[PDB]
């Protein structure tokens, strides 16, 4: 029918939103404003309070200030994934070691399964992250969730995205990811496809990826040109290298970028949506590069303005939000479904 989910399409999902009613605070809708890293001492940038009128986004959710722990919101999000045809939810994971995290992960897996969506983990740079505790956490996630019917596998293997993987040396990665590594996961019950973050130029990234023994790489950033890896004109040659070296390239595409509510000094990273023309151009480049899998930045990183989740016009007494302009609130979901079809036609 040209409506089914694609299980080589990964959409980055954030589960950190809270409401007073469910979580005790409108978590993440309220957010600290980041100081300017180039702006000198004594900055008191303040905070966005997460009131109805003033949230930590330049856009405003159709679903309002929702809780990521609200089963009714999770249902709606799964229906949005179905509309987008995105078969894999790539869940931010911060190793919070708290019961509220554990509950939420189970709710997300349960809701996903009702719609045949799959879940993989996006392993964030949690405190003291290193290859030993990464191994222990991969073991824990596979043990806890691996038998859940919504847990993602590709040809029998779990898949993890590793954000800011460059913070760990290749010599450490090798211990986990080479078949001969001291603490290898290869050939164990806990083997997985490990997808590292390609940031800068090939002269740095090629040996990093090879020496770390990652299975593949992704680029994350929604803003074109933010890094070498997020410059789509590089994707054909990145894919060629990937193919020559047995690596899986999963370029990241997004619909725009703007984070100036939380990072007022970061305006040079703004990428305008232009009624969908930015998203079209980026998605087309990923497909043209001939890749096997695509990642989408993001479902709902509202702080960074990269979300495809529906947004609505809103003007409050405190802020005039951006919105999808000439497009309707669900436009980026249905345009994702368009591109997933083009991707499949290519595969």
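Numbering follows the first chain given and starts at 1.
For the pair 292 to 300 and 315 to 323, the mean B factor over Cα atoms is greater in 315 to 323. The stretch with the higher mean CA B factor, choosing between 135 to 143 and 96 to 104, is 96 to 104. Which of 273, 240, 186, 129 has the largest Cα B-factor in the deposited entry comes down to 240. Based on the entry's C-alpha B-factors, the most elevated value among 267, 156, 229, 255 belongs to 156. Among the modelled residues of its chain, residue 48 has a C-alpha B-factor that falls in the highest third according to the deposited record. In the deposited entry, the Cα temperature factor of residue 201 sits in the top third of values across the chain's modelled residues. When all modelled residues of the chain are sorted by CA temperature factor, residue 33 is found within the highest third. Among all modelled residues in its chain, residue 11 ranks in the lowest third by Cα B-factor.
Annotation for residue 280: CA B-factor lies in the middle third of the chain's modelled residues.
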